[PDB]
Amino acid sequence: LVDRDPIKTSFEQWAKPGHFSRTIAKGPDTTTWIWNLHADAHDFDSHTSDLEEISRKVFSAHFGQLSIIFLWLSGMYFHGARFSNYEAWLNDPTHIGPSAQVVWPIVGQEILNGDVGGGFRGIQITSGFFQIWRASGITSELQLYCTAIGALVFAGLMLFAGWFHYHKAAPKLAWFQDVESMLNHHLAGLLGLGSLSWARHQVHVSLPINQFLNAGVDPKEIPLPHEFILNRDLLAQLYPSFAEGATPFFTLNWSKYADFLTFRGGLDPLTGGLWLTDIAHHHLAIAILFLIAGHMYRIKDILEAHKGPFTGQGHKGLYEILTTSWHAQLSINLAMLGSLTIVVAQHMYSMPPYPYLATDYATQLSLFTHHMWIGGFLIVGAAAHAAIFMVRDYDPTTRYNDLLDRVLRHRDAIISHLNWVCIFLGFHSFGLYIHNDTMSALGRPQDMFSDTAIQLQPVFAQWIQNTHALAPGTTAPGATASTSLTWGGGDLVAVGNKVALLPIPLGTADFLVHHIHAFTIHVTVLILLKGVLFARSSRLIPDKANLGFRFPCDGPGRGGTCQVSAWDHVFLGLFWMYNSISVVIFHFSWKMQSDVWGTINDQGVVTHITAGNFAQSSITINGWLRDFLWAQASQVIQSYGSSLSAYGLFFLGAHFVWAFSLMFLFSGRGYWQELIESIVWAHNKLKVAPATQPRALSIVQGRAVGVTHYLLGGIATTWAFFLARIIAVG
Amino acid sequence: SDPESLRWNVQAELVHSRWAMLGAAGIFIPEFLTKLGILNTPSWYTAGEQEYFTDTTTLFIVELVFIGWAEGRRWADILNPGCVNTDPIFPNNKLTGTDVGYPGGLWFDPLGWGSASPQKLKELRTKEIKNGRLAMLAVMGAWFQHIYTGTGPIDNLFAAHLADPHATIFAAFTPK
Amino acid sequence: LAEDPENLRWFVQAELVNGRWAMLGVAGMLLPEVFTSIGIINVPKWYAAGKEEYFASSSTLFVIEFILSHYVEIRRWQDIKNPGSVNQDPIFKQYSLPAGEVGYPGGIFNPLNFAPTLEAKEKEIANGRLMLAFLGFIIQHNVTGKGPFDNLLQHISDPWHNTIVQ
Amino acid sequence: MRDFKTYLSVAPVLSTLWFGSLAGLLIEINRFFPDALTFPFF
Amino acid sequence: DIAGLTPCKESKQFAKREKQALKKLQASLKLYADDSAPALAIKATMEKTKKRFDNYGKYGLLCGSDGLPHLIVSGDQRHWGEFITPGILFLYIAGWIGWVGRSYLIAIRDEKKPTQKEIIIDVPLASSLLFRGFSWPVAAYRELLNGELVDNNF
Ligand code: CLA
Ligand code: CLA
Ligand SMILES: CC(=CC=C/C(C)=C/C=C/C=C(C)/C=C/C=C(C)/C=C/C1=C(C)CCCC1(C)C)/C=C/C1=C(C)CCCC1(C)C
Ligand SMILES: CC(=CC=C/C(C)=C/C=C/C=C(C)\C=C\C=C(C)\C=C\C1=C(C)CCCC1(C)C)/C=C/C1=C(C)CCCC1(C)C
Ligand SMILES: CC1=C(C/C=C(\C)CCC[C@H](C)CCC[C@@H](C)CCCC(C)C)C(=O)c2ccccc2C1=O
């Protein structure tokens with residue numbers, strides 16, 4: 001370390017066994033430290049006992065994400081370009097069924113490459129470029145081929161800002177350890193100056209270049225590469241060059257107008273992607289705020305303020321150490337970032353924001369479950385990293401007697417409640433279904449819980465849905481339809497290939513899933529809540545912050561003394577959430593196809609991918625493999641010899657990989673030792689082993705190779721199960 | 001703050017160099033030489049226009065039986081005797097090292113003054129134009145590029161195309 | 001331990017038997033080349049004696065000889081663990097007794113010996129290989145061919161043939 | 001520059017320039033003979 | 001010849017496979033490439049699995065019912081190199097994977113501190129002990145069982 005510290009060598013450290021705590025990787029050989037090294041590679045209890053750097057690394061090794069997201073996207077714009085189908089698909093939507101990727105016909109490959117639209121062999125897409133891409137106030141294949149290198153530009157450069165940190169002799173403390181302004185900036189002008197800037201390049205150019213696309217043409221029979229300058233003459237069709245107004249204000253006359261916007265709500269008949277005549281106004285109406293907003297402020301003051309009786313004395317002082325944490329100001333974030341992603345996953349499917357979605361079924365549910373697993377994979381995290389706080393981050397105990405020191409005060413308490421909450425749920429929240437089986441398999445419907453047997457009567461309606469689609473008669477101005485076409489009141493006519501959204505009815509078989517979610521969302525959180533709370537000390541172990549937030553398990557005593565910790569609460573809390581999301585998905589498509597998705601023809605006699613089979617028959621939790629899993633999936637297990645086939649052909653692996661997790665999840669440890677030697681023996685006889693003491697998995701590594709597999713198994717299983725029942729009918 | 005960054009053979013890279021480059025000599029002067037309009041013409045009838053082809057891949061064999069032979073003999077007794085094991089003198093060997101070759105065996109050696117010194121003076125000559133030849137040929141090997149790319153009409157491959165003025169290739173000069 | 005070799009006995013005798021049988025093997029070919037015309041596999045039979053009986057078979061022939069070769073060969077065994085073969089000119093060579101500056105062990109490179117008059121098992125060294133690798137050669141080229149060298153009319157110049165098999 | 005009795009080192013995963021490639025040259029034999037399931041010989 | 005049927009010289013069931021199945025491949029009356037220069041079902045992918053006509057070579061190859069071809073390899077009638085030919089091959093290749101396993105290993109445990117030289121690699125692949133494998137004529141087939149790895153060391 002020790003090596004040359006000094007002052008006295010540019011000469012870099014390539015060669016001399018080890019580094020990472022101090023009777024380190026020792027001279028003496030071993031393997032464990034090769035999963036060490038990668039694991040905990042990023043961490044901070046080592047590197048130095050002194051903040052300083054760390055924030056000087058994380059602001060750099062951050063960077064290389066943007067740059068990456070940036071090398072990525074490029075190979076997607078390039079891809080969504082010269083491996084074309086976008087040109088072809090756009091003159092010809094409702095019709096196509098898009099591609100970007102294609103094999104090369106090496107070995108078996110080609111089956112994977114199967115006629116997708118504007119006349120070519122390839123593998124489809126459920127990742128709605130070709131639909132952000134509607135945008136292109138321009139169109140052209142080589143063009144995206146500029147947007148593309150425009151991408152690699154931001155990268156190399158927005159990747160030499162990461163040389164232009166840590167490796168360059170760095171900023172320091174004040175720079176972040178004065179926080180005083182940060183959000184001031186961020187939200188004001190980027191949050192703002194994007195949404196803002198996005199406005200300017202969202203009616204300028206895009207609106208017009210799909211105002212007269214929503215009809216016909218073949219591009220360049222429209223939208224030149226410059227055309228949209230000073231020429232405010234084509235902006236003539238889509239409202240005035242302000243005619244006699246000057247910089248809004250009022251001494252304005254309308255005997256017949258009101259600038260672009262003229263607010264919509266509903267859905268283009270010919271392109272139901274929601275109206276764009278709005279899409280400017282809403283982004284404009286954003287930015288303003290941010291534009292005004294990012295103009296606080298300088299900190300404590302506002303939190304150093306409102307206290308009460310039982311309230312939070314420490315509210316006041318809610319962390320000096322919120323300029324001195326990270327692990328704290330990351331975990332907070334993840335809960336939001338994360339919880340603020342799966343709020344996407346709704347406003348999307350019950351309010352499409354891109355031209356051609358809904359009709360495009362599979363190219364926005366992929367979405368609504370990809371976005372859905374982040375608004376969850378980022379939340380258990382958002383707990384883990386709080387545990388990482390709760391255990392260690394600060395130097396000593398300087399933080400004292402406050403909102404927390406409070407919450408903890410009760411702790412065998414906040415989690416005392418929550419518990420019973422769950423068993424109240426569960427009993428009202430799952431055995432509920434099991435009634436049905438036991439009594440519908442007993443069979444007496446009189447007494448089930450059907451949308452019709454237990455008292456509810458051919459209506460759901462009177463709640464709040466029915467006071468949403470109907471609200472354009474309040475303080476409400478209006479604009480034909482609602483806000484989200486899926487609401488109770490009025491309207492039908494949505495689309496001329498297939499369908500899109502319509503009411504979406506409820507009652508029971510909507511009533512009780514909606515409740516299983518409760519109990520599922522709740523017991524998830526119990527285990528993370530109590531997990532992060534009891535982070536450091538307890539009446540099973542108090543001497544219990546003494547290593548780190550991991551540690552395998554304290555020891556055979558006290559009865560059990562194993563799981564405890566909170567790596568592990570963030571190990572069995574993943575375990576749930578994989579359900580939390582994995583059953584919410586299961587919900588949406590079985591609805592969204594049992595009803596909604598389906599299809600018009602004469603007299604628009606609606607014909608769902610399934611005549612609402614849901615009805616009386618998800619209520620039975622077998623119906624959930626009678627009507628689901630065994631019904632759909634018949635497309636997965638038919639999928640051989642085709643074009644997609646890579647799904648069925650995954651769906652066996654990964655429906656294997658999962659069923660390999662249990663081995664990592666379910667087993668001892670001096671076991672594979674006791675085994676690894678028999679091995680090590682046979683090894684020595686030929687003279688072939690010892691060097692680098694081969695060793696079994698690091699108790700908790702073992703759990704690391706559970707879980708992670710159990711998910712990348714149990715998950716892509718459906719990622720396959722899905723793309724295979726929306727491609728092809730649906 | 002400056003790379004770390006290398007070598008050591010930093011000593012050997014420099015002798016496929018005098019290999020690569022001197023060598024490009026062979027192409028540089030014979031080409032242009034060629035001999036414009038010699039009088040003229042290039043015609044080779046002789047072993048070549050009637051005995052069923054002459055070479056191509058008996059070409060190589062004979063062709064680099066020799067290069068064969070000689071390129072090997074080239075670096076692998078450039079010099080290095082001692083020629084085995086077992087502790088470090090670095091290059092990745094000099095496991096010849098402290099012994100050149102032989103303790104009083106034969107005339108391993110060239111030349112008096114117990115070494116191999118091809119005398120002291122001659123930095124001249126080959127420091128200059130020669131590790132020139134390295135440099136030179138960088139840019140009239142960057143001519144190889146200019147000299148022909150553009151696959152004289154007789155083929156557009158993967159049709160961008162991508163605009164059009166007029167042709168290109170070689171013979172000397174330039175429109176400009 | 002046995003630093004290194006070794007061996008000895010070993011497979012130097014290993015060779016000479018290759019050497020001197022690759023030599024013979026090629027006497028095989030020698031024949032059909034001057035006053036030429038008659039060989040390849042020619043799966044002989046192999047020179048074939050009298051007009052007084054065989055007749056396709058009378059017998060496996062071929063199969064026998066080498067039952068014989070067989071105990072004569074145990075015999076050369078019957079030598080090399082423990083040195084016994086009067087002449088004694090393979091196991092090290094003749095020149096009676098000697099060479100075995102490698103019979104009790106300790107070689108490294110050990111060149112050897114063995115003609116009284118005179119010289120050596122040496123330039124019977126290199127007819128030694130010429131012929132092993134020759135065969136390599138010999139039943140290399142069949143698998144497409146079977147004949148050498150005319151004059152400068154139109155032969156030695158390789159005209160057109162036909163892959164490997166493929 | 002490398003003579004006799006082992007040489008210079010190399011990284012953690014030069015196996016990722018050994019899985020990719022070498023092995024990679026082998027698709028390169030699995031299209032030259034675009035097919036197997038027995039094989040002619042040479 | 002053996003349990004399944006005969007090779008390619010005739011195999012009815014096999015024929016039907018050639019034909020429907022692939023050729024439906026077809027299946028696309030057109031699908032546009034009248035002259036067009038990409039969409040390559042058209043040329044080979046079929047013809048490369050196809051011009052594989054009433055020839056595949058000829059390989060014998062037994063072919064059961066549904067006429068997918070079965071592998072006997074019992075060293076008889078025709079089928080010998082469906083295991084041995086590609087069998088010794090598997091042997092020879094491996095073993096010269098681990099002959100050198102027991103090599104860029106038995107070359108270290110010595111000199112000075114040799115305690116993980118192996119997480120980096122001294123000669124990459126060994127590129128020194130390299131050919132020791134093709135430069136196995138006989139080799140371990142004697143010197144493994146006599147000396148070195150000698151029962152001693154056993
Ligand atoms: C803003 C977020 C983000 C950031 C910057 C971090 C940063 C950090 N986390 Mg963290 N974390 C996050 C989100 C984040 N996390 C989330 C959402 C969770 C919930 C799962 C966690 C759960 C978590 C735990 C339990 C731990 C950390 C730890 C850490 C620290 C260790 C980093 C490391 O060595 O990489 C770790 C990554 C590897 C070693 C790479 C292995 C990745 C495998 C599992 C592959 C994943 C599957 C994928 C499909 C495989 C690729 C495809 C393949 C099939 C080809 C580091 C400070 C660790 C710590 O000890 O604190 C100091 C502790 O282990 N995190
Ligand atoms: C060079 C290496 C080498 C050699 C000679 C062997 C040899 C052996 N192993 Mg083994 N093994 C190895 C590496 C090796 N292993 C590695 C890396 C692992 C992963 C931990 C194992 C895991 C393993 C297990 C679990 C078992 C064996 C067993 C055995 C024995 C049975 C052979 C068998 O069927 O397993 C086939 C061989 C493997 C599964 C090993 C995979 C690794 C190979 C591919 C190493 C390839 C070389 C590698 C790249 C080194 C780099 C080269 C370097 C010089 C630059 C045999 C003695 C079995 C036993 O004990 O019974 C006698 C037992 O079941 N091995
Ligand atoms: C520099 C600038 C700018 C700008 C502008 C800008 C600066 C803009 C920006 C914007 C931003 C944005 C617009 C954002 C975006 C984002 C995104 C797009 C993302 C997305 C996502 C999500 C959702 C999550 C994650 C994933 C992803 C990434 C996909 C300018 C400046 C200036 C100056 C000083 C001078 C004068 C002029 C001006 C102008 C005044
Ligand atoms: C047997 C095998 C395999 C298997 C396999 C299986 C049997 C399975 C696997 C699986 C894998 C995976 C699976 C991975 C992956 C992936 C991915 C890419 C994913 C993605 C995703 C995302 C993005 C997230 C979530 C969802 C998903 C999953 C979709 C192999 C074997 C072998 C041999 C003989 C020897 C040598 C080597 C090899 C050649 C290797
Ligand atoms: C199966 C199992 C094992 C045994 C699993 C092992 C030993 C997996 C590790 C195997 C390594 C990854 C093989 C690595 C070898 C190769 C990387 C070396 C050759 C390099 C390549 C070229 C092949 C545990 O150690 C364990 C520990 C704790 C709880 C549960 C379990 C558990 O369930």
# chains A, B, ... in the order shown; residues from 1 in each chain; ligands from 1
$ residues_near_ligand --ligand "ligand 5" --cutoff "7 Å" --atoms "only C-alpha atoms and all ligand atoms" --output "mmCIF file with C-alpha atoms, in the first residue's frame"
data_model
loop_
_atom_site.group_PDB
_atom_site.id
_atom_site.type_symbol
_atom_site.label_atom_id
_atom_site.label_comp_id
_atom_site.auth_asym_id
_atom_site.auth_seq_id
_atom_site.Cartn_x
_atom_site.Cartn_y
_atom_site.Cartn_z
ATOM 1 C CA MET A 663 -29.859 -25.733 -6.007
ATOM 2 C CA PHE A 664 -28.127 -22.507 -5.218
ATOM 3 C CA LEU A 665 -31.009 -21.389 -2.965
ATOM 4 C CA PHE A 666 -31.755 -24.684 -1.147
ATOM 5 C CA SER A 667 -28.376 -26.105 -0.044
ATOM 6 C CA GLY A 668 -25.591 -26.098 2.620
ATOM 7 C CA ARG A 669 -22.011 -25.000 2.149
ATOM 8 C CA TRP A 672 -19.792 -28.497 -1.680
ATOM 9 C CA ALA A 696 -16.920 -23.461 -2.129
ATOM 10 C CA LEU A 697 -19.354 -20.516 -2.289
ATOM 11 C CA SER A 698 -19.246 -17.761 0.246
ATOM 12 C CA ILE A 699 -22.389 -18.617 2.246
ATOM 13 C CA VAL A 700 -24.050 -15.394 1.033
ATOM 14 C CA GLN A 701 -22.518 -15.575 -2.478
ATOM 15 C CA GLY A 702 -24.531 -18.758 -2.521
ATOM 16 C CA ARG A 703 -27.602 -16.751 -1.826
ATOM 17 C CA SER D 15 -10.370 -16.065 -22.480
#
$ residues_around --residues "residue 565 in chain A" --least-positions-apart "2" --cutoff "9 Å" --atoms "only C-alpha atoms" --output "mmCIF file with N, CA and C atoms, in the first residue's frame"
data_model
loop_
_atom_site.group_PDB
_atom_site.id
_atom_site.type_symbol
_atom_site.label_atom_id
_atom_site.label_comp_id
_atom_site.auth_asym_id
_atom_site.auth_seq_id
_atom_site.Cartn_x
_atom_site.Cartn_y
_atom_site.Cartn_z
ATOM 1 N N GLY A 531 -36.693 -5.024 7.990
ATOM 2 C CA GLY A 531 -35.342 -5.408 7.610
ATOM 3 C C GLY A 531 -34.358 -4.291 7.779
ATOM 4 N N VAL A 532 -34.704 -3.148 7.182
ATOM 5 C CA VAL A 532 -33.862 -1.972 7.222
ATOM 6 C C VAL A 532 -33.942 -1.317 8.588
ATOM 7 N N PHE A 534 -34.532 -2.776 11.757
ATOM 8 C CA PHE A 534 -33.715 -3.556 12.688
ATOM 9 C C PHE A 534 -32.283 -3.789 12.144
ATOM 10 N N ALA A 535 -31.663 -2.720 11.634
ATOM 11 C CA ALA A 535 -30.472 -2.853 10.772
ATOM 12 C C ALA A 535 -29.247 -3.216 11.541
ATOM 13 N N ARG A 536 -29.185 -2.749 12.777
ATOM 14 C CA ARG A 536 -27.898 -2.661 13.455
ATOM 15 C C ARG A 536 -27.890 -3.266 14.850
ATOM 16 N N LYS A 544 -24.678 -6.537 17.035
ATOM 17 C CA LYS A 544 -25.120 -6.928 15.677
ATOM 18 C C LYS A 544 -24.858 -5.868 14.589
ATOM 19 N N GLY A 548 -20.831 -5.778 8.879
ATOM 20 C CA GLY A 548 -21.535 -5.002 7.838
ATOM 21 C C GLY A 548 -23.020 -5.395 7.760
ATOM 22 N N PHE A 549 -23.712 -4.932 6.710
ATOM 23 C CA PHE A 549 -25.166 -5.155 6.605
ATOM 24 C C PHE A 549 -25.482 -6.524 6.025
ATOM 25 N N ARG A 550 -24.517 -7.083 5.273
ATOM 26 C CA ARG A 550 -24.555 -8.495 4.923
ATOM 27 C C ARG A 550 -24.397 -9.339 6.187
ATOM 28 N N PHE A 551 -23.207 -9.955 6.314
ATOM 29 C CA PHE A 551 -22.909 -11.090 7.198
ATOM 30 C C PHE A 551 -23.913 -12.217 7.138
ATOM 31 N N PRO A 552 -23.432 -13.423 6.753
ATOM 32 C CA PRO A 552 -24.153 -14.698 6.519
ATOM 33 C C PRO A 552 -25.333 -14.917 7.488
ATOM 34 N N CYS A 553 -24.958 -15.233 8.721
ATOM 35 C CA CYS A 553 -25.897 -15.314 9.794
ATOM 36 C C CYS A 553 -25.029 -15.394 11.030
ATOM 37 N N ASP A 554 -25.481 -14.768 12.135
ATOM 38 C CA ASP A 554 -24.656 -14.699 13.323
ATOM 39 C C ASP A 554 -24.151 -16.039 13.823
ATOM 40 N N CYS A 562 -29.905 -17.100 11.823
ATOM 41 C CA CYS A 562 -29.366 -17.246 10.470
ATOM 42 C C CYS A 562 -29.709 -16.089 9.572
ATOM 43 N N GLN A 563 -30.991 -15.953 9.228
ATOM 44 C CA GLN A 563 -31.362 -15.055 8.137
ATOM 45 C C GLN A 563 -31.056 -13.648 8.561
ATOM 46 N N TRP A 567 -29.018 -7.712 4.126
ATOM 47 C CA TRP A 567 -28.685 -8.097 2.763
ATOM 48 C C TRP A 567 -29.856 -8.975 2.402
ATOM 49 N N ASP A 568 -30.212 -9.781 3.400
ATOM 50 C CA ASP A 568 -31.051 -10.952 3.305
ATOM 51 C C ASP A 568 -32.525 -10.622 3.399
ATOM 52 N N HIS A 569 -32.818 -9.475 4.021
ATOM 53 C CA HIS A 569 -34.191 -8.992 4.093
ATOM 54 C C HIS A 569 -34.370 -8.441 2.681
#
$ interface_residues --of "chain D" --to "chain E" --cutoff "8 Å" --atoms "only C-alpha atoms" --output "list in words"
residues 5, 6, 7, 8, 9, 10, 11, 12, 37, 38 and 39 of chain D
$ interface_residues --of "chain C" --to "chain D" --cutoff "12 Å" --atoms "only C-alpha atoms" --output "list in words"
residues 140, 141, 142, 143, 144, 163, 164, 165 and 166 of chain C
$ residues_near_ligand --ligand "ligand 1" --cutoff "7 Å" --atoms "only C-alpha atoms and all ligand atoms" --output "mmCIF file with N, CA and C atoms, in the first residue's frame"
data_model
loop_
_atom_site.group_PDB
_atom_site.id
_atom_site.type_symbol
_atom_site.label_atom_id
_atom_site.label_comp_id
_atom_site.auth_asym_id
_atom_site.auth_seq_id
_atom_site.Cartn_x
_atom_site.Cartn_y
_atom_site.Cartn_z
ATOM 1 N N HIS A 38 -14.978 -8.580 -7.670
ATOM 2 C CA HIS A 38 -16.101 -8.185 -8.514
ATOM 3 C C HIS A 38 -17.277 -7.729 -7.645
ATOM 4 N N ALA A 39 -17.752 -8.625 -6.768
ATOM 5 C CA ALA A 39 -18.721 -8.242 -5.711
ATOM 6 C C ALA A 39 -18.100 -7.089 -4.940
ATOM 7 N N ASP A 40 -18.924 -6.297 -4.254
ATOM 8 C CA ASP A 40 -18.392 -5.276 -3.336
ATOM 9 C C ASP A 40 -17.255 -4.422 -3.933
ATOM 10 N N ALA A 41 -16.941 -4.673 -5.213
ATOM 11 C CA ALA A 41 -15.978 -3.874 -6.002
ATOM 12 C C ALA A 41 -16.193 -2.350 -5.810
ATOM 13 N N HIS A 42 -17.458 -1.957 -5.896
ATOM 14 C CA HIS A 42 -17.885 -0.666 -5.476
ATOM 15 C C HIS A 42 -18.367 -0.965 -4.029
ATOM 16 N N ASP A 43 -18.130 -0.097 -3.033
ATOM 17 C CA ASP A 43 -18.643 -0.341 -1.645
ATOM 18 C C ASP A 43 -18.493 0.764 -0.584
ATOM 19 N N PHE A 44 -17.235 1.120 -0.280
ATOM 20 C CA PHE A 44 -16.897 2.127 0.760
ATOM 21 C C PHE A 44 -17.044 1.717 2.225
ATOM 22 N N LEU A 330 -29.362 7.919 -2.076
ATOM 23 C CA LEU A 330 -29.566 7.046 -3.224
ATOM 24 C C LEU A 330 -30.832 6.243 -2.986
ATOM 25 N N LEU A 334 -34.437 5.906 -5.344
ATOM 26 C CA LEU A 334 -34.808 4.584 -5.871
ATOM 27 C C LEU A 334 -36.289 4.332 -5.606
ATOM 28 N N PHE A 377 -37.784 -3.382 -9.341
ATOM 29 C CA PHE A 377 -36.376 -3.748 -9.139
ATOM 30 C C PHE A 377 -35.563 -2.626 -8.591
ATOM 31 N N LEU A 378 -36.130 -1.422 -8.618
ATOM 32 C CA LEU A 378 -35.402 -0.253 -8.160
ATOM 33 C C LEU A 378 -35.864 0.158 -6.749
ATOM 34 N N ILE A 379 -36.889 -0.528 -6.237
ATOM 35 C CA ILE A 379 -37.557 -0.167 -5.000
ATOM 36 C C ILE A 379 -37.021 -1.054 -3.918
ATOM 37 N N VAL A 380 -36.930 -2.353 -4.164
ATOM 38 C CA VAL A 380 -36.337 -3.208 -3.118
ATOM 39 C C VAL A 380 -34.958 -2.597 -2.874
ATOM 40 N N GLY A 381 -34.223 -2.341 -3.964
ATOM 41 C CA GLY A 381 -32.993 -1.573 -3.869
ATOM 42 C C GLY A 381 -33.136 -0.389 -2.934
ATOM 43 N N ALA A 382 -34.121 0.471 -3.237
ATOM 44 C CA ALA A 382 -34.385 1.707 -2.505
ATOM 45 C C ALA A 382 -34.578 1.396 -1.038
ATOM 46 N N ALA A 384 -32.672 -1.722 0.301
ATOM 47 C CA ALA A 384 -31.320 -2.198 0.531
ATOM 48 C C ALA A 384 -30.439 -1.024 0.967
ATOM 49 N N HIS A 385 -30.301 -0.039 0.077
ATOM 50 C CA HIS A 385 -29.366 1.048 0.304
ATOM 51 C C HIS A 385 -29.657 1.903 1.544
ATOM 52 N N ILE A 388 -28.080 -0.196 4.095
ATOM 53 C CA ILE A 388 -26.716 0.284 3.957
ATOM 54 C C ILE A 388 -26.485 1.619 4.696
ATOM 55 N N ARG A 550 -24.517 -7.083 5.273
ATOM 56 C CA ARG A 550 -24.555 -8.495 4.923
ATOM 57 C C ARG A 550 -24.397 -9.339 6.187
ATOM 58 N N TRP A 567 -29.018 -7.712 4.126
ATOM 59 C CA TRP A 567 -28.685 -8.097 2.763
ATOM 60 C C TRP A 567 -29.856 -8.975 2.402
ATOM 61 N N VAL A 570 -33.233 -8.055 2.072
ATOM 62 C CA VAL A 570 -33.187 -7.533 0.703
ATOM 63 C C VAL A 570 -32.748 -8.674 -0.185
ATOM 64 N N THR A 708 -30.684 -14.164 -7.932
ATOM 65 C CA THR A 708 -30.376 -13.566 -9.191
ATOM 66 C C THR A 708 -30.806 -14.544 -10.285
ATOM 67 N N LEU A 712 -33.741 -14.323 -13.187
ATOM 68 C CA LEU A 712 -33.448 -14.287 -14.633
ATOM 69 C C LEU A 712 -33.923 -15.582 -15.261
#
$ interface_residues --of "chain B" --to "chain C" --cutoff "12 Å" --atoms "only C-alpha atoms" --output "PDB file with N, CA, C and O atoms, in the first residue's frame"
ATOM      1  N   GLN B  50       2.945 -20.463 -73.964  1.00  0.00           N
ATOM      2  CA  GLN B  50       2.249 -21.754 -74.007  1.00  0.00           C
ATOM      3  C   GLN B  50       2.952 -22.945 -73.302  1.00  0.00           C
ATOM      4  O   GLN B  50       3.852 -23.596 -73.879  1.00  0.00           O
ATOM      5  N   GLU B  51       2.501 -23.167 -72.054  1.00  0.00           N
ATOM      6  CA  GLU B  51       2.935 -24.252 -71.161  1.00  0.00           C
ATOM      7  C   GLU B  51       1.931 -24.463 -69.997  1.00  0.00           C
ATOM      8  O   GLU B  51       2.282 -25.015 -68.921  1.00  0.00           O
ATOM      9  N   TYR B  52       0.678 -24.032 -70.247  1.00  0.00           N
ATOM     10  CA  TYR B  52      -0.466 -24.092 -69.291  1.00  0.00           C
ATOM     11  C   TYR B  52      -0.228 -23.388 -67.990  1.00  0.00           C
ATOM     12  O   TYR B  52       0.107 -24.058 -66.998  1.00  0.00           O
ATOM     13  N   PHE B  53      -0.426 -22.054 -67.997  1.00  0.00           N
ATOM     14  CA  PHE B  53      -0.129 -21.186 -66.842  1.00  0.00           C
ATOM     15  C   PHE B  53       1.378 -21.246 -66.499  1.00  0.00           C
ATOM     16  O   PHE B  53       2.146 -21.998 -67.102  1.00  0.00           O
ATOM     17  N   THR B  54       1.804 -20.444 -65.533  1.00  0.00           N
ATOM     18  CA  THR B  54       3.188 -20.519 -65.078  1.00  0.00           C
ATOM     19  C   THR B  54       3.168 -20.701 -63.560  1.00  0.00           C
ATOM     20  O   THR B  54       3.765 -21.648 -63.041  1.00  0.00           O
ATOM     21  N   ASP B  55       2.472 -19.820 -62.840  1.00  0.00           N
ATOM     22  CA  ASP B  55       2.644 -19.794 -61.393  1.00  0.00           C
ATOM     23  C   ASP B  55       1.352 -19.775 -60.544  1.00  0.00           C
ATOM     24  O   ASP B  55       0.640 -20.777 -60.438  1.00  0.00           O
ATOM     25  N   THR B  58       1.985 -22.659 -57.424  1.00  0.00           N
ATOM     26  CA  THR B  58       3.369 -23.107 -57.333  1.00  0.00           C
ATOM     27  C   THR B  58       4.147 -21.812 -57.077  1.00  0.00           C
ATOM     28  O   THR B  58       5.247 -21.854 -56.502  1.00  0.00           O
TER      29      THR B  58
END
$ interface_residues --of "chain E" --to "chain A" --cutoff "9 Å" --atoms "only C-alpha atoms" --output "list in words"
residues 31, 32, 33, 38, 39, 40, 41, 45, 101, 102, 103, 105, 106, 109, 113, 114, 115, 116, 118, 119, 149, 153 and 154 of chain E
$ interface_residues --of "chain D" --to "chain A" --cutoff "10 Å" --atoms "only C-alpha atoms" --output "ChimeraX atom specification"
/D:27-28,30-31,34-35
$ residues_near_ligand --ligand "ligand 3" --cutoff "9 Å" --atoms "only C-alpha atoms and all ligand atoms" --output "NGL selection string"
:A and (66 or 69 or 73 or 189-198 or 337 or 341)
$ residues_near_ligand --ligand "ligand 4" --cutoff "6 Å" --atoms "only C-alpha atoms and all ligand atoms" --output "PyMOL selection string"
chain A and resi 653-654+657+712+715-716+719
